[PDB]
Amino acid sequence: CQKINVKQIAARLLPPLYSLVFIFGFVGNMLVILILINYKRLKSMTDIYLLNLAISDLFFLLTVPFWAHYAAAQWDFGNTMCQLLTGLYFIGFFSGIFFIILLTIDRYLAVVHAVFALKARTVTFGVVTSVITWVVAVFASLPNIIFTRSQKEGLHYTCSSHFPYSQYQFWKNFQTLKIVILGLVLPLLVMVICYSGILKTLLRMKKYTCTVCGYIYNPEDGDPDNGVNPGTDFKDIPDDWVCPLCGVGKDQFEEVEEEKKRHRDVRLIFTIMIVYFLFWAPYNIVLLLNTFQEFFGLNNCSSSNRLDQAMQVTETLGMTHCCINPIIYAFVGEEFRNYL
């Protein structure tokens, strides 16, 4: 068996691709950072988390031109930069998802537990949680920065991670589960718990009109005369209940179209999380497949080279995501459109 040489392809394909993701990302993110302070004026907890999410992206973007040069030639920046850039990449990766989860839990706290929302959703506490988030991200990145060095291999310089020989398999497995759990498994649980909890709180809030007379059932008012307590969802009401005006069943009732512009905050943060999974989930799956190829997949010569190739391709897609977040704000968020 023998591995494949991708240097010839990558030295042609990666430098113009990376440079453009950089141009479009640096410009895109700086526009976001500026508009959040100079127009939006950081009024809520969302504004603090979205700001830090754009900083984590810029941190990721700062490393991009260095990767473009390394792909095209070699590592001409030394050891200091090698660790410092792999650092900003990891710190930028972890804090990025960490702030998306904090933007998810935030919407779960605003929709559900509305009484606790107004009580504990300050700008000062938002900054405090943000300081501790950037710290946790650093500690998560820390082992990966340490085992990264820039070494000369024959006539070429490299900037890669080299785990300790004696415990090579343990660090390979431990770092795989740390990236996969904190980047896919953990936020995926948060996306399931929160958004199903938000949707069930939203659903209760919907108003239903009688298609016969026009009676609008408000959940907040209910129907005490017939025995329907206030707050109760229309769907949750027994079928035997009739219209308090004409006397028709729940079947001859339709959903009132909603101006989901309150829920525009929920609709945007949902797109940030969903689109994060289109760029980062393919890499996270392949990472688990490549590390656990023996006893959990195909360990053969051909399949291993295919897995390593798929890992580079899917980490290239994941990297591209740092320039994608402004496009979501430009389309989903009506506020960003109003600035132009």
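In this text, residue numbers run from 1 along the sequence as written.
Across the two stretches, 288-296 and 270-278, the PDB entry reports the greater mean Cα temperature factor for 288-296. Here 302-310 and 26-34 are compared by their mean Cα B-factor, and 302-310 comes out higher. Between the residues 152, 121, 178, 149, the entry's highest C-alpha temperature factor is the one at 121. Note on the listed residues 332, 324, 317, 13: the highest Cα temperature factor in the record is that of 332.
Ranked within its chain, residue 255 lands in the highest third, by CA B factor from the PDB record. Among all modelled residues in this chain, the alpha-carbon of residue 145 has a temperature factor (C-alpha) in the lowest third. Among the modelled residues of its chain, residue 156 has a C-alpha B-factor that falls in the lowest third, as given in the PDB entry.
Per-chain ranking of the deposited C-alpha B factor places residue 211 in the highest third. Annotation for residue 265: C-alpha temperature factor in the highest third relative to the rest of the modelled chain, per the entry.
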